[PDB]
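Please read the structure below before turning to the comments.
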Amino acid sequence: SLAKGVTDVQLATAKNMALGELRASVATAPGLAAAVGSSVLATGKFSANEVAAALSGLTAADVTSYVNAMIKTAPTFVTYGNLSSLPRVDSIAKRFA
Amino acid sequence: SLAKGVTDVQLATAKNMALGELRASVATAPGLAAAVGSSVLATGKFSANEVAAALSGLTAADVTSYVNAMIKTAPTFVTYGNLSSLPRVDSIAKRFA
Amino acid sequence: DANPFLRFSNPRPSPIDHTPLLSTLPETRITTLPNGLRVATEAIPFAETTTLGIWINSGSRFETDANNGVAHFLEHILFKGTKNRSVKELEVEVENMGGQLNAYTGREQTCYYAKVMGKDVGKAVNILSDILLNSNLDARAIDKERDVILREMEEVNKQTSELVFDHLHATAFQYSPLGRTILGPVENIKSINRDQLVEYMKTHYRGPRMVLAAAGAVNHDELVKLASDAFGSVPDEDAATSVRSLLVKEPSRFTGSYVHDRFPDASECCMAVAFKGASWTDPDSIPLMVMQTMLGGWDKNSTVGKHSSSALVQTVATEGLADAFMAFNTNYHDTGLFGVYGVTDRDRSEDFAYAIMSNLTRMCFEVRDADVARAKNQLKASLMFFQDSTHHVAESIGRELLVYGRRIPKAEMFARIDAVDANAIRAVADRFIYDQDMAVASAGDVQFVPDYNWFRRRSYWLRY
Amino acid sequence: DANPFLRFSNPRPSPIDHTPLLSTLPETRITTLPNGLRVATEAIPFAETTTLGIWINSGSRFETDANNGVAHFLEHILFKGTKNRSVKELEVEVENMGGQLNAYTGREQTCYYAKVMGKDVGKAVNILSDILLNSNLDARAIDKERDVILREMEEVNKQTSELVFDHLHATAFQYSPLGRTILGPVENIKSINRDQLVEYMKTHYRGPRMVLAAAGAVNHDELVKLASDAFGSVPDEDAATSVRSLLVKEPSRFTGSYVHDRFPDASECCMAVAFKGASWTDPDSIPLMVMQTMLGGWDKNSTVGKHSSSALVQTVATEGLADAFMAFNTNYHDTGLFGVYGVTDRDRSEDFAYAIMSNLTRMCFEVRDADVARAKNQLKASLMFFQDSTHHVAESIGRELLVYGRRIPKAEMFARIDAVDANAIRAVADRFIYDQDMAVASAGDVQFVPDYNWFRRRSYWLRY
Ligand SMILES: [Zn+2]
Ligand SMILES: [Zn+2]
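Line order of the protein sequences matches chains A, B, C and D.
Just add 388 to wherever you are in the first sequence, counting from 1, and you've got the UniProt record's numbering.
Just add 388 to wherever you are in the second sequence, counting from 1, and you've got the UniProt record's numbering.
Just add 31 to wherever you are in the third sequence, counting from 1, and you've got the UniProt record's numbering.
Just add 31 to wherever you are in the fourth sequence, counting from 1, and you've got the UniProt record's numbering.
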């Protein structure tokens, strides 16, 4: 249903949730130092402003295209527990194909 | 390699092995009583003479057709330990095809 | 000796002057509405987030025996639908501003607050006023929460530390309002209704008892305008029914006593020992803060406990007397509690009790200056860490306006901390600890906990 | 009190006459080849599987210090090919029979036996004689097997009970042939070759020292014809190398002594206390079997140990003195061992040792008729359980022919067992145990095992 399309209100709500998480991660000094260090180690620069601009400049068509490209790629499936009820594995990874 | 065909010496070897296990399992009094009880509980009668006669009367065509009909059903895969080289779960079920 | 790796730092405890940190700390602006409600902001210059909420000088202390538990039940009911917004409407509108609502209900304080971004200050003000003033308080939601609370009461679903502290408040404050639990008894929950909730909110949620405190990215004038639009309709307070008149009418009483809650097949043994401490307005509350830092706290996931500055932490970590412990300093409007809470088992409970009592009584006689300087530096550093999070800034603004009557500046707080020395620690420990009655509470496997006479004997030394 | 359930059974022990069992028991037919080789068979009336093999009156006792471990290396090398069959041909010929080949090398007895069906007796005879008489003994296979044996020597890969009993033999029969181990030392394994194997085979695998025994579905005269066809090239005795002359030349000696094998980090303690026992030909070996039944054995996987009729099992199970134990009775040509082996902890070593020593010494004074009758019934029932299996019947035929020079009828064994009373048990225990030296061996966590003087003082009672 995510691949079938997102409808405006959901897109705005998810964008606000992502922006709130991004800004609340760097609110304190240790969180900001950790974010700067991880971003420089992984990439070579800190781009929180660019990440916020990318979050705000995202359209519903881009997200639908992203999920459509995701479901074509082969997934990963893990179960847990005293497993006494399970559909067979071949039909598990068929519903996205 | 088993479904393609079994030689007469290999069939004679396996028939002698199975007949040896069957006639060794009932050689003692507790083993004989256990076999009688298990057979009557499962099927209603005990006769290891019929089992031995069925083992002796098996030809290579019977075993080849049995394995061919057995490979036409669903397989079952179970792995223990740390699985750092489990290739594919779906492909190994399709190897028998 | 390494040249670059051995400068600047040494293990000798020396007093640190925190005066240059005061140059860039922000200022608090307070505006009092004609309603009696104070609006207090603290603008952090480049903040992107905002914590804002309503702090109320009310709680479980100001209830009666008939409606004990109404204030805790109010935070179950209040978020279940208002007269202008439904459950789903409130959920969608809160989700779209990217924050979360939260609530705490103490014995004497209550807060409802929102952690949002800076663009959603007015929306958060409107939502908070909507739940606070125009709630449905539907009887179906009351029945839908009563059964859940009754199931978790029948299961005894409670934290162990909260269980011990509720027993401690009940036995130390017998026959006073502070001895009631916030949750309330089972019968009041079994016979709760909408009328009691309406009467409690009408009586206690008034103008002079409410602070709207916001920290982070917020303008003071705009919050004044928004609060006058939204929270301008709260009733004022009668002079005869103020907070001080209620405090005078039903005062706190401390009784030296003992309680244990024994279980037949438990594993842990939690215990707390407290003395009668100081109220919020006592000037001896700052030395009690320093003494609580001197006692410290420890849990066994740390491995540097044997190199601790605190002697109690050193003793417990070296001899393995407890799995975890902490020293607490609780302050109320007219009394307080000071002591140590810890978790052990039944074979180490007496030795842990002896370590607590021996380290408490030792502060009356021998206090060295290095420990006091270390604890002052640690307490000032802990106060600077709260300035980093806007949630703690807003919480401190609300608490300080409710219980001190004013916003204590940071320079005054540093000066009041720096005036504490070893003689002050010895005097305060002599006043509060030496040869005084204490309150003892335990729960779990408590068959080997010493009785009250053992604890009473070890509040003084016969050798001096 | 159910009428149908409480008839024909009661717990009071009474003597049981086992005479009507012997009517249906098969008889043994013995023939002698001209080279001295005996062929003995016992025909079970309705059988399908048959076991058969060669029992040789030889072992590690009849070696020297230069070639110790040649007999155990023989069972490593004898299955790697012959002069008529290669490795793969031998494999397919064995697996066509639907059976197993197995070998066992002892101190005074060696076996090479097979388990087949009743239609493959002749092929088994042919392959057994081909393995035993026409083996390749290739040097390359010897070099391949030596690396495996040396690697398991240097890893110290051994059963704990095997280690304890080897230490007990080496300290009890020191400066005697029986004191050597079957596997042999590191130097002899590292410096072994084809010629020592060939000389051992030619010296010790002669005519009158070998017995061809078969049991199950087998015909006697047909097996005699096959045995004369196959084993006819076996050489005869030289008078200077008979078993009796070798026994007289190098007799066994028993010395009271102590040994332990202490490890720095071992969970378990395994100890054995042994006295000088009886030989195969000693008339008091039957009461030693009755006494070994009286002491019994136990492991902690049994939950009814406290209800046992054996007092030692009662004490060990009730007090929890050990994890497992078993009384043993080893017989040899001129000597033997008798005592209790058990697995315990370091904190229960002295209590387990006192239980063993006190139960052994009590048999010289306090023997009840009920325990004797119970142990005799248990012994005869255990003798009848060996008759149920073809492998045990064949092993019994070979061993009885090798160590007694005959085949004892079951009527005579029952009459010998039935002649043992409480007086005979008292006299045998007084001869073998009371105030005698013993041998004590231990391994693992043995720091709390008592020394020799502690064990030696508890062989006698000063109270009487
Ligand atoms: Zn509550
Ligand atoms: Zn080996």
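Note that beta-carbon positions come from the ideal geometry of N, C-alpha and C, so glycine has one too.
Alpha helix (DSSP H) runs contained entirely in the UniProt domain "Peptidase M16 N-terminal" (69-216) of chain D, provided each spans 4 or more residues: The UniProt domain "Peptidase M16 N-terminal" (69-216) of chain D is shown to contain whole alpha helix (DSSP H) runs of 4 or more residues at 101-108, 118-127, 152-164, 170-185 and 191-203, in chain order.
Secondary structure, alpha helix (DSSP H): runs of 4+ residues fully inside the stretch 379-407 of chain D: Counting only runs of 4+ residues, the alpha helix (DSSP H) found wholly inside the stretch 379-407 of chain D occupies 380-393, in chain order.
Under 8 Å from the C-beta of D197/C: neighbouring residues of chain A: Within the third sequence, numbered from 1, the residue matching residue 197/C stands at position 166. Below the 8 Å Cβ cutoff, chain A contributes no neighbours of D197/C, its closest Cβ being approximately 32 Å away.
Rounded C-alpha distance that separates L121/C from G112/C: Counting from one through the third sequence, the residue named residue 121/C turns up at place 90. Counting from one through the third sequence, the residue named residue 112/C turns up at place 81. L121/C and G112/C: Cα-Cα distance of roughly 7 Å.
Interface partners of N127/C on chain A, CB under 7 Å: Taking the third sequence and counting its residues from 1, one reaches residue 127/C at position 96. Residues of chain A passing the Cβ test: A400, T401 and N404.
Residues near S380/C in its chain [Cβ-Cβ closer than 6 Å; skip 5 each side]: For the purposes of this step, residue 380/C is identified with residue 349 of the third sequence, where counting begins at 1. Answer for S380/C: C300, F479 and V480, listed in chain order.
The stretch 469-485 of chain A: positions lying closer than 8 Å to chain B by Cβ: Listed by position, the residues of the stretch 469-485 of chain A near chain B (Cβ gap below 8 Å) are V477, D478 and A481.
Ligand 1 heavy atom lying under 7 Å from the CB of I213/C: Counting from 1 along the third sequence, the entry for residue 213/C is found at position 182. If you check the C-beta of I213/C against ligand 1, you find a heavy atom less than 7 Å away.
Proximity below 8 Å, CB of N157/C to CB of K114/C: Against the third sequence, residue 157/C aligns to sequence position 126. Against the third sequence, residue 114/C aligns to sequence position 83. Against a cut-off of 8 Å, the Cβ pair of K114/C and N157/C comes out as no contact.
Segment contact flag, the stretch 285-292 of chain C with the stretch 190-205 of chain C, C-beta cutoff 8 Å, min 3 pairs: Yes, the stretch 285-292 of chain C is in contact with the stretch 190-205 of chain C.
Reference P44/D, options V398/D, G153/D and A404/D, closest by Cα: Against the fourth sequence, residue 44/D aligns to sequence position 13. Taking only the C-alpha atoms, the option nearest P44/D is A404/D.
Counterpart residues of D292/D in DSSP-defined beta bridges: Residue numbering aside, residue 292/D sits at position 261 when the fourth sequence is read from its first letter. Per DSSP, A474/D.
Range of the contiguous beta strand (DSSP E) that encloses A245/D: Numbered from 1 along the fourth sequence, position 214 holds the residue referred to as residue 245/D. Note, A245/D: beta strand (DSSP E), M241 to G247.
Residue-chain proximity (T395/B, chain D), Cβ-Cβ < 8 Å: Locating residue 395/B in the second sequence gives position 7, counting from the first residue. No, because no Cβ of chain D sits closer than 8 Å to the Cβ of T395/B.
For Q131/D and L368/D, the rounded distance between their alpha carbons: Within the fourth sequence, the letter at position 337 stands for residue 368/D. Within the fourth sequence, the letter at position 100 stands for residue 131/D. Roughly 32 Å separates the two Cα atoms.
Short-range partners of chain A found in the stretch 406-422 of chain C, where Cβ spacing is below 8 Å: Taking 8 Å as the Cβ-Cβ cut-off against chain A, the residues of the stretch 406-422 of chain C that qualify are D419, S420 and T421.
Residue environment, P318/C, which counts as buried when at least 16 other CB atoms sit within 10 Å: Against the third sequence, residue 318/C aligns to sequence position 287. So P318/C counts as buried.
Given 8 Å, three or more beta-carbon pairs between the stretch 388-408 of chain C and the stretch 439-446 of chain C: The stretch 439-446 of chain C and the stretch 388-408 of chain C do not touch, with fewer than three beta-carbon pairs separated by less than 8 Å.
With 16 other Cβ atoms within 10 Å as the buried cut-off, status of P208/C: Indexing the third sequence from 1 puts residue 208/C at position 177. Classification for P208/C: buried.
Of the residues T55/C, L164/C, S413/C and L56/C, the one placed nearest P266/C, counting alpha carbons only: Counting from one through the third sequence, the residue named residue 266/C turns up at place 235. The shortest Cα separation from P266/C among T55/C, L164/C, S413/C and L56/C belongs to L164/C.
Heavy atom of ligand 1 within 7 Å of residue 497/C beta-carbon: There is no way to answer for residue 497/C, as the model of chain C reaches only from 32 to 495.
Interface flag, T72/C vs chain A, CB-CB below 8 Å: Reading the third sequence from its first residue, position 41 is the one you call residue 72/C. Under the 8 Å criterion on CB atoms, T72/C is classed as non-interfacial with respect to chain A.
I180/D beta carbon near ligand 2 (any heavy atom closer than 7 Å): For the purposes of this step, residue 180/D is taken as the residue at position 149 of the fourth sequence. The answer is yes for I180/D.
Minimum Cβ-Cβ distance from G425/A to chain C less than 8 Å: Your numbering for residue 425/A matches position 37 in the first sequence. No, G425/A lies away from the interface with chain C (no Cβ there is under 8 Å from its Cβ).
Distance cut-off 7 Å: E350/D Cβ against heavy atoms of ligand 2: In the fourth sequence, counting from the first residue as 1, residue 350/D sits at position 319. The answer is no for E350/D.
Buried or exposed (CB count within 10 angstroms, at least 16 for buried), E409/A: As a working note, residue 409/A is residue 21 in the first sequence. Residue environment for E409/A: exposed (fewer than 16 other C-beta atoms within 10 angstroms of its C-beta).
Opening and closing residue of the alpha helix (DSSP H) in which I464/C lies: Mapped onto the third sequence, residue 464/C falls at position 433. Counted as a single uninterrupted DSSP element, the stretch harbouring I464/C is not any alpha helix (DSSP H), since DSSP gives it neither H nor E.
Whole-angstrom distance between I87/D and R240/D, CA atom to CA atom: Start at 1 with the first residue of the fourth sequence, and residue 240/D comes out as number 209. Start at 1 with the first residue of the fourth sequence, and residue 87/D comes out as number 56. Between the alpha carbons of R240/D and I87/D lies a gap of roughly 6 Å.
Proximity to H251/D [Cα-Cα], best of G100/D, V101/D, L37/D and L83/D: By one-based count along the fourth sequence, residue 251/D stands at place 220. The shortest CA-to-CA distance from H251/D to any of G100/D, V101/D, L37/D and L83/D is the one to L83/D.
Cβ separation of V455/A and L390/A, assumed to be a contact under 8 Å, to the nearest whole Å: Taking the first sequence and counting its residues from 1, the one referred to as residue 455/A is at position 67. Taking the first sequence and counting its residues from 1, the one referred to as residue 390/A is at position 2. The C-beta distance from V455/A to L390/A rounds to 5 Å, short enough to fall under 8 Å.
Nearest-angstrom Cβ-Cβ length linking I428/C and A71/C, presumed shorter than 8 Å: The residue labelled residue 428/C in the question sits at position 397 within the third sequence. The residue labelled residue 71/C in the question sits at position 40 within the third sequence. Beta-carbon to beta-carbon, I428/C and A71/C are separated by about 5 Å, close enough to satisfy the 8 Å threshold.
Cut-off 8 Å between Cβ atoms - residues of its own chain near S310/C, not counting five sequence neighbours on either side: Position 279 of the third sequence holds residue 310/C. Spatial neighbours of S310/C in its own chain (CB-CB distance under 8 Å, excluding positions within 5 residues in sequence) are listed in chain order as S316, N362, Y363, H364, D365, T366 and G367.
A358/C vs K331/C beta-carbon contact at 8 Å: Along the third sequence, read from residue 1 onward, the residue named residue 358/C stands at position 327. Along the third sequence, read from residue 1 onward, the residue named residue 331/C stands at position 300. Cβ distance not < 8 Å, so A358/C and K331/C don't count as in contact.
Where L429/A falls: helix, strand or coil (DSSP): Locating residue 429/A in the first sequence gives position 41, where the first residue counts as 1. If DSSP states are grouped into helix, strand and coil, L429/A belongs with the helices.
Contact under 8 Å by Cβ, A305/D with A203/D: Here residue 305/D refers to the residue found at position 274 when the fourth sequence is read from its first residue. Here residue 203/D refers to the residue found at position 172 when the fourth sequence is read from its first residue. Yes; because the gap between Cβ atoms is below 8 Å, this pair is in contact.
Residue-chain proximity (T416/A, chain C), Cβ-Cβ < 8 Å: Against the first sequence, residue 416/A aligns to sequence position 28. Output row for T416/A: interface = yes.
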